[PDB]
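Participant: Hey, dropping start-v5.cif in here, mmCIF, C-alpha atoms:
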data_input
#
loop_
_atom_site.label_atom_id
_atom_site.label_comp_id
_atom_site.auth_asym_id
_atom_site.auth_seq_id
_atom_site.Cartn_x
_atom_site.Cartn_y
_atom_site.Cartn_z
CA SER E 1 0.00 0.00 0.00
CA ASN E 2 1.14 3.54 -0.76
CA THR E 3 -0.76 5.65 1.80
CA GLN E 4 -0.95 5.65 5.59
CA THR E 5 -4.14 5.46 7.66
CA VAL E 6 -4.31 7.49 10.88
CA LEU E 7 -5.97 5.26 13.49
CA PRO E 8 -9.04 6.69 15.25
CA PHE E 9 -7.52 6.84 18.76
CA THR E 10 -8.47 10.00 20.64
CA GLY E 11 -6.75 12.30 23.12
CA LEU E 12 -3.33 10.71 22.72
CA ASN E 13 -0.33 12.52 24.15
CA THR E 14 3.25 11.52 23.29
CA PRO E 15 2.35 7.86 22.56
CA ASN E 16 5.52 5.83 22.63
CA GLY E 17 4.80 2.14 22.14
CA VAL E 18 2.54 -0.09 20.05
CA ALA E 19 1.66 -3.79 19.83
CA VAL E 20 -0.85 -5.70 17.69
CA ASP E 21 -2.49 -9.00 18.59
CA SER E 22 -3.58 -11.83 16.27
CA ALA E 23 -7.13 -10.43 16.22
CA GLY E 24 -5.83 -7.13 14.84
CA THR E 25 -6.40 -5.22 18.09
CA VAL E 26 -3.92 -2.35 18.54
CA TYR E 27 -2.45 -1.48 21.96
CA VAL E 28 -0.64 1.80 22.58
CA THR E 29 1.28 3.17 25.53
CA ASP E 30 -0.15 6.70 25.78
CA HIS E 31 2.87 7.88 27.75
CA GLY E 32 1.84 11.53 28.23
CA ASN E 33 -1.42 10.41 29.83
CA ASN E 34 -0.02 7.54 31.92
CA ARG E 35 -2.25 4.90 30.42
CA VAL E 36 -2.43 2.10 27.90
CA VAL E 37 -5.24 2.25 25.36
CA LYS E 38 -6.51 -0.27 22.84
CA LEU E 39 -8.54 -0.15 19.63
CA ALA E 40 -10.17 -3.26 18.13
CA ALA E 41 -9.80 -3.84 14.38
CA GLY E 42 -12.44 -1.77 12.58
CA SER E 43 -13.40 0.13 15.74
CA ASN E 44 -13.75 3.89 16.20
CA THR E 45 -13.78 3.70 20.01
CA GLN E 46 -10.81 2.92 22.22
CA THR E 47 -10.88 1.55 25.72
CA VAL E 48 -8.31 2.11 28.46
CA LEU E 49 -6.72 -0.98 30.01
CA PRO E 50 -7.23 -1.12 33.79
CA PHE E 51 -3.60 -1.04 34.91
CA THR E 52 -3.75 0.23 38.46
CA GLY E 53 -1.28 2.88 39.58
CA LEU E 54 0.57 2.83 36.28
CA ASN E 55 3.13 5.64 36.20
CA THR E 56 4.60 6.50 32.80
CA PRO E 57 4.51 3.44 30.50
CA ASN E 58 7.51 2.93 28.16
CA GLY E 59 6.54 -0.05 26.05
CA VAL E 60 3.96 -2.73 25.42
CA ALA E 61 3.68 -6.27 24.09
CA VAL E 62 0.82 -8.72 23.70
CA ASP E 63 1.01 -12.54 23.56
CA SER E 64 -1.02 -15.19 21.73
CA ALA E 65 -3.37 -15.40 24.73
CA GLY E 66 -4.13 -11.67 24.51
CA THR E 67 -2.21 -11.02 27.73
CA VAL E 68 -0.71 -7.50 27.69
CA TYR E 69 2.75 -6.63 29.08
CA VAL E 70 3.77 -3.04 29.88
CA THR E 71 6.99 -1.50 31.20
CA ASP E 72 6.52 1.13 33.89
CA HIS E 73 9.07 3.89 34.38
CA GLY E 74 7.76 5.43 37.62
CA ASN E 75 7.28 2.15 39.43
CA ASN E 76 10.38 0.71 37.77
CA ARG E 77 8.67 -2.58 36.97
CA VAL E 78 6.97 -4.74 34.36
CA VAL E 79 3.28 -5.57 34.69
CA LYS E 80 0.86 -7.81 32.83
CA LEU E 81 -2.88 -8.13 32.45
CA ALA E 82 -4.56 -11.31 31.17
CA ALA E 83 -7.30 -10.77 28.58
CA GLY E 84 -10.54 -9.79 30.30
CA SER E 85 -8.82 -9.39 33.70
CA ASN E 86 -9.04 -6.39 36.08
CA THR E 87 -6.04 -7.22 38.22
CA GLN E 88 -2.46 -6.79 37.04
CA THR E 89 0.44 -8.99 37.97
CA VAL E 90 3.88 -7.53 38.64
CA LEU E 91 6.50 -9.73 36.95
CA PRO E 92 9.36 -10.80 39.24
CA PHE E 93 12.23 -9.04 37.43
CA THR E 94 14.86 -7.66 39.78
CA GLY E 95 17.34 -4.81 39.89
CA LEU E 96 15.80 -2.96 36.96
CA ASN E 97 16.78 0.61 36.16
CA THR E 98 14.00 1.84 33.86
CA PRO E 99 12.57 -1.02 31.82
CA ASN E 100 11.88 0.31 28.34
CA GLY E 101 11.21 -2.14 25.53
CA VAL E 102 9.36 -5.39 26.10
CA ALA E 103 8.69 -8.39 23.84
CA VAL E 104 7.15 -11.84 24.39
CA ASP E 105 7.89 -14.98 22.38
CA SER E 106 5.69 -17.98 21.51
CA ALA E 107 6.69 -19.73 24.75
CA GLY E 108 5.52 -16.70 26.70
CA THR E 109 9.04 -15.79 27.77
CA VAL E 110 9.26 -12.04 28.40
CA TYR E 111 12.21 -9.95 27.20
CA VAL E 112 12.88 -6.46 28.54
CA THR E 113 15.52 -3.87 27.78
CA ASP E 114 16.84 -2.63 31.07
CA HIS E 115 17.63 0.86 29.84
CA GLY E 116 19.70 2.19 32.74
CA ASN E 117 21.71 -1.01 33.19
CA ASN E 118 22.61 -1.39 29.51
CA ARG E 119 21.33 -4.94 29.34
CA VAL E 120 18.47 -7.15 28.17
CA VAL E 121 16.83 -9.53 30.63
CA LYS E 122 14.34 -12.35 30.15
CA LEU E 123 11.91 -14.22 32.39
CA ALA E 124 10.51 -17.57 31.30
CA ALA E 125 6.85 -18.01 32.16
CA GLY E 126 6.45 -19.29 35.72
CA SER E 127 10.09 -18.57 36.62
CA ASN E 128 11.50 -16.31 39.36
CA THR E 129 15.01 -16.29 37.94
CA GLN E 130 15.70 -13.71 35.24
CA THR E 131 18.46 -14.27 32.70
CA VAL E 132 20.83 -11.53 31.48
CA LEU E 133 21.42 -12.09 27.77
CA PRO E 134 25.00 -12.11 26.47
CA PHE E 135 24.72 -8.76 24.64
CA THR E 136 27.88 -6.66 24.81
CA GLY E 137 28.55 -2.95 24.52
CA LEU E 138 24.92 -1.80 24.65
CA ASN E 139 24.37 1.85 25.47
CA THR E 140 20.85 2.75 26.64
CA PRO E 141 19.06 0.00 24.66
CA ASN E 142 15.36 0.72 24.20
CA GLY E 143 13.53 -1.43 21.67
CA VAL E 144 13.57 -5.21 21.67
CA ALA E 145 12.06 -7.83 19.41
CA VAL E 146 12.25 -11.62 19.14
CA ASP E 147 11.65 -13.79 16.03
CA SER E 148 10.25 -17.32 15.72
CA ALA E 149 13.73 -18.79 16.05
CA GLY E 150 14.37 -16.86 19.31
CA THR E 151 16.90 -14.47 17.77
CA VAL E 152 16.81 -11.23 19.76
CA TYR E 153 16.97 -7.76 18.18
CA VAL E 154 17.82 -4.67 20.19
CA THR E 155 17.96 -1.01 19.27
CA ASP E 156 21.21 0.11 20.84
CA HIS E 157 20.09 3.75 21.04
CA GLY E 158 23.35 5.15 22.45
CA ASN E 159 25.31 3.59 19.55
CA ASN E 160 22.92 4.34 16.66
CA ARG E 161 22.75 0.70 15.74
CA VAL E 162 20.47 -2.31 15.89
CA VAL E 163 22.03 -5.48 17.17
CA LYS E 164 21.14 -9.08 16.65
CA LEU E 165 21.93 -11.97 19.01
CA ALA E 166 21.77 -15.28 17.21
CA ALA E 167 20.21 -18.13 19.16
CA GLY E 168 22.65 -20.79 20.36
CA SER E 169 26.03 -19.50 19.15
CA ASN E 170 25.38 -16.23 20.99
CA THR E 171 27.22 -14.43 18.21
CA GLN E 172 26.29 -10.75 18.31
CA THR E 173 26.10 -8.81 15.05
CA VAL E 174 25.38 -5.21 14.13
CA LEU E 175 22.65 -5.16 11.48
CA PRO E 176 23.75 -3.29 8.37
CA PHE E 177 21.31 -0.37 8.62
CA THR E 178 22.86 2.98 7.60
CA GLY E 179 22.15 6.61 8.35
CA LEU E 180 20.31 5.85 11.58
CA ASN E 181 19.90 8.62 14.15
CA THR E 182 18.73 7.50 17.63
CA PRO E 183 16.69 4.43 16.58
CA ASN E 184 14.13 3.53 19.23
CA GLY E 185 11.60 0.91 18.13
CA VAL E 186 12.31 -2.46 16.53
CA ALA E 187 9.95 -5.16 15.27
CA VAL E 188 10.49 -8.33 13.27
CA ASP E 189 7.99 -10.19 11.09
CA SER E 190 7.51 -13.92 10.38
CA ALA E 191 9.86 -13.61 7.40
CA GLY E 192 12.70 -12.22 9.51
CA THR E 193 12.37 -8.70 8.14
CA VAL E 194 13.47 -6.15 10.77
CA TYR E 195 11.69 -2.78 11.03
CA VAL E 196 13.19 0.16 12.89
CA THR E 197 11.87 3.62 13.77
CA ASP E 198 14.68 6.00 12.97
CA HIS E 199 13.52 8.62 15.46
CA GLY E 200 16.22 11.16 14.76
CA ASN E 201 15.36 11.08 11.05
CA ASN E 202 11.58 10.94 11.30
CA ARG E 203 11.39 7.70 9.31
CA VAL E 204 10.76 3.98 9.52
CA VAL E 205 13.17 1.60 7.76
CA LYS E 206 13.10 -2.13 7.11
CA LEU E 207 15.77 -4.68 6.29
CA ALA E 208 15.03 -8.14 4.85
CA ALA E 209 16.90 -11.08 6.42
CA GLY E 210 20.52 -11.10 5.21
CA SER E 211 19.99 -8.12 2.88
CA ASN E 212 22.22 -5.10 2.21
CA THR E 213 19.15 -3.14 1.15
CA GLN E 214 17.24 -0.97 3.60
CA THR E 215 13.83 0.28 2.49
CA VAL E 216 12.30 3.50 3.73
CA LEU E 217 8.59 2.98 4.26
CA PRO E 218 6.33 5.64 2.71
CA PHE E 219 4.87 7.07 5.91
CA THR E 220 4.41 10.85 5.64
CA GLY E 221 5.04 13.74 8.02
CA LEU E 222 6.24 11.73 11.01
CA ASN E 223 7.75 13.52 13.96
CA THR E 224 9.95 11.71 16.45
CA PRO E 225 8.35 8.30 15.70
CA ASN E 226 9.16 5.62 18.28
CA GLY E 227 7.17 2.41 18.62
CA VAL E 228 6.70 0.06 15.68
CA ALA E 229 4.81 -3.22 15.31
CA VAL E 230 3.95 -5.55 12.39
CA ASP E 231 0.89 -7.85 12.25
CA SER E 232 0.63 -11.29 10.60
CA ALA E 233 -0.51 -9.57 7.37
CA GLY E 234 2.64 -7.43 7.22
CA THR E 235 0.79 -4.25 8.13
CA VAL E 236 3.16 -1.88 9.94
CA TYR E 237 1.97 0.26 12.86
CA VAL E 238 3.88 3.31 14.08
CA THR E 239 3.44 5.57 17.07
CA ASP E 240 3.99 9.04 15.67
CA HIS E 241 5.01 10.45 19.02
CA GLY E 242 5.47 14.08 17.98
CA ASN E 243 2.04 14.30 16.34
CA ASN E 244 0.16 12.47 19.10
CA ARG E 245 -1.19 9.81 16.78
CA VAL E 246 -0.74 6.30 15.49
CA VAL E 247 -0.53 5.47 11.79
CA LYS E 248 -0.51 2.26 9.80
CA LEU E 249 0.47 1.14 6.33
CA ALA E 250 -0.66 -2.16 4.82
CA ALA E 251 1.89 -4.14 2.79
#
With the file now loaded, output its structure as structure tokens.
Facilitator:
Amino acid sequence: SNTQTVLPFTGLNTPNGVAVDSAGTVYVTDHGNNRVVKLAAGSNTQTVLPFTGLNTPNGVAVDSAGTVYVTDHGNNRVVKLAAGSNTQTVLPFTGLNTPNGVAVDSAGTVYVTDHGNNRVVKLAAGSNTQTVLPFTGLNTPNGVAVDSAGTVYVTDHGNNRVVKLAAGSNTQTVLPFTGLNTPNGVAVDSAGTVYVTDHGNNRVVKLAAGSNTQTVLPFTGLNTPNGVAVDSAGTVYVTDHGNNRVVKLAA
């Protein structure tokens, strides 16, 4: 598709994170308003998720069960809410210093970029022991994504790069994006195509697996974009932070 749709969310203020579930429902961390909102596919009316005492959300992810995970700056913690539930659960991460990005894989393992500690941590479902991934030389990582193989992608914000940690061999590689300026969001689709919001350049770029070609997506008039997500149909969602809105572009 060649033209973006502005989603009918209302009253957004500096939205900074977006996730999309299998049903096409779109979840957004409305940072400026300290809440998480959601919009069902085809709906004109959002609802606000009942996270209690949420203070300044940084990122959001949703699993196959519709369970929503949100990183909280003010409370320095990660919380989740099962679909249809009223009562959040605080995930037992420890020693966080501003969780930022969050992703969840098919096994329901939760991955969080621990912004102030320059590290990425993961918690398997039902575990109390978190694991620090063998990333090296991260500087204020924010976005994180995980593909079907369990490869982990991190926007290394302080180093203007996006890094990849290959499952098993733990070999870390810098993805060959160019011209990035403070990337924040990262997403990866079923095909292994990596999408990054190039915040400092007001653009969203994608890189096919093992390619030396980056493609600028034809979004228009973005300002300080940050969160990005891709659904099963390759539709790309972007939180256009500076314009208080969310936009999408079908494939």
Participant: Would you give me, as JSON lines, each residue of segment 97-212 of chain E having an atom within 12 Å of an atom of segment 45-56 of chain E, along with its shortest atom pair and that distance in Å to one decimal, using all atoms listed in the file and sorting by chain and residue number?
Facilitator:
{"residue": "E:98", "atom": "CA", "partner": "E:56", "partner_atom": "CA", "distance": 10.5}
{"residue": "E:99", "atom": "CA", "partner": "E:56", "partner_atom": "CA", "distance": 11.0}
{"residue": "E:100", "atom": "CA", "partner": "E:56", "partner_atom": "CA", "distance": 10.5}
Participant: Applied to the shown file, which residues does the PyMOL selection byres ((chain E and resi 190-195) around 6) return, written as an NGL selection string?
Facilitator: :E and (186-189 or 196 or 205-209)
Participant: Name the residues that the PyMOL selection byres ((chain E and resi 28) around 9) pulls out of this structure, and write them as a list in words.
Facilitator: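 Answer for the PyMOL selection byres ((chain E and resi 28) around 9): residues 15, 16, 17, 18, 19, 20, 26, 27, 29, 30, 31, 35, 36, 37, 38, 39, 59, 60, 227, 239 and 246 of chain E.
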Participant: Looking at all atoms listed in the file, which of E:172, E:153, E:111, E:95 is the one that sits closest to residue 134 of chain E?
Facilitator: E:172
Participant: State, in Å with one decimal place, the distance from atom CA of residue 69 of chain E to atom CA of residue 244 of chain E.
Facilitator: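 Computed distance, atom CA of residue 69 of chain E to atom CA of residue 244 of chain E, equals 21.7 Å.
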Participant: In Å to one decimal, how far is atom CA of residue 119 of chain E from atom CA of residue 141 of chain E?
Facilitator: 7.2 Å
Participant: Name the residues that the PyMOL selection byres ((chain E and resi 251) around 7) picks from the file above, as a ChimeraX atom specification, using the file's chain letters and numbers.
Facilitator: /E:1,234-235,249-250
Participant: One decimal, Å: what's the distance from atom CA of residue 237 of chain E over to atom CA of residue 142 of chain E, could you say?
Facilitator: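 Pair atom CA of residue 237 of chain E / atom CA of residue 142 of chain E returns 17.6 Å.
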Participant: Taking (-14.3, -12.5, 26.3) in the coordinates of the supplied file, I want to know which residues reach to within 12 Å of it, counting only C-alpha atoms; could you give the answer as a PyMOL selection string?
Facilitator: chain E and resi 65-66+82-85
Participant: Which residue gives the smallest distance to residue 166 of chain E among E:243, E:148, E:67, E:113, with all atoms listed in the file counted?
Facilitator: E:148
Participant: Up to 12 Å from (15.8, -8.5, 27.1) in the file's coordinates: name the residues, counting all atoms listed in the file, as a compact mmCIF listing (two decimals) with C-alpha atoms, keeping the file's coordinate frame.
Facilitator:
# COMPACT_ATOMS: atom_id res chain seq x y z
CA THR E 71 6.99 -1.50 31.20
CA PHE E 93 12.23 -9.04 37.43
CA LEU E 96 15.80 -2.96 36.96
CA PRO E 99 12.57 -1.02 31.82
CA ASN E 100 11.88 0.31 28.34
CA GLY E 101 11.21 -2.14 25.53
CA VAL E 102 9.36 -5.39 26.10
CA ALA E 103 8.69 -8.39 23.84
CA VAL E 104 7.15 -11.84 24.39
CA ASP E 105 7.89 -14.98 22.38
CA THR E 109 9.04 -15.79 27.77
CA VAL E 110 9.26 -12.04 28.40
CA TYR E 111 12.21 -9.95 27.20
CA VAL E 112 12.88 -6.46 28.54
CA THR E 113 15.52 -3.87 27.78
CA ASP E 114 16.84 -2.63 31.07
CA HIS E 115 17.63 0.86 29.84
CA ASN E 117 21.71 -1.01 33.19
CA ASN E 118 22.61 -1.39 29.51
CA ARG E 119 21.33 -4.94 29.34
CA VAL E 120 18.47 -7.15 28.17
CA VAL E 121 16.83 -9.53 30.63
CA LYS E 122 14.34 -12.35 30.15
CA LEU E 123 11.91 -14.22 32.39
CA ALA E 124 10.51 -17.57 31.30
CA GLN E 130 15.70 -13.71 35.24
CA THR E 131 18.46 -14.27 32.70
CA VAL E 132 20.83 -11.53 31.48
CA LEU E 133 21.42 -12.09 27.77
CA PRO E 134 25.00 -12.11 26.47
CA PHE E 135 24.72 -8.76 24.64
CA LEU E 138 24.92 -1.80 24.65
CA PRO E 141 19.06 0.00 24.66
CA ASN E 142 15.36 0.72 24.20
CA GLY E 143 13.53 -1.43 21.67
CA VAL E 144 13.57 -5.21 21.67
CA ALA E 145 12.06 -7.83 19.41
CA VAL E 146 12.25 -11.62 19.14
CA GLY E 150 14.37 -16.86 19.31
CA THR E 151 16.90 -14.47 17.77
CA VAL E 152 16.81 -11.23 19.76
CA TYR E 153 16.97 -7.76 18.18
CA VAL E 154 17.82 -4.67 20.19
CA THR E 155 17.96 -1.01 19.27
CA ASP E 156 21.21 0.11 20.84
CA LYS E 164 21.14 -9.08 16.65
CA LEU E 165 21.93 -11.97 19.01
Participant: Quick one: everything within 10 Å of residue 91 of chain E, counting all atoms listed in the file, minus sequence neighbours fewer than 4 positions away in the same chain. Send it as a PyMOL selection string.
Facilitator: chain E and resi 69+77-80+110+123+125-128
Participant: Those same residues, written as a PDB file, in the coordinates of the input with C-alpha atoms?
Facilitator:
ATOM      1  CA  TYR E  69       2.750  -6.630  29.080  1.00  0.00           C
ATOM      2  CA  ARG E  77       8.670  -2.580  36.970  1.00  0.00           C
ATOM      3  CA  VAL E  78       6.970  -4.740  34.360  1.00  0.00           C
ATOM      4  CA  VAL E  79       3.280  -5.570  34.690  1.00  0.00           C
ATOM      5  CA  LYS E  80       0.860  -7.810  32.830  1.00  0.00           C
ATOM      6  CA  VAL E 110       9.260 -12.040  28.400  1.00  0.00           C
ATOM      7  CA  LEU E 123      11.910 -14.220  32.390  1.00  0.00           C
ATOM      8  CA  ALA E 125       6.850 -18.010  32.160  1.00  0.00           C
ATOM      9  CA  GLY E 126       6.450 -19.290  35.720  1.00  0.00           C
ATOM     10  CA  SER E 127      10.090 -18.570  36.620  1.00  0.00           C
ATOM     11  CA  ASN E 128      11.500 -16.310  39.360  1.00  0.00           C
TER      12      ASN E 128
END
Participant: Calculated over all atoms listed in the file, which of the candidates E:247, E:238, E:228, E:175 has the smallest distance to residue 214 of chain E?
Facilitator: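 Smallest distance to residue 214 of chain E is found for E:175.
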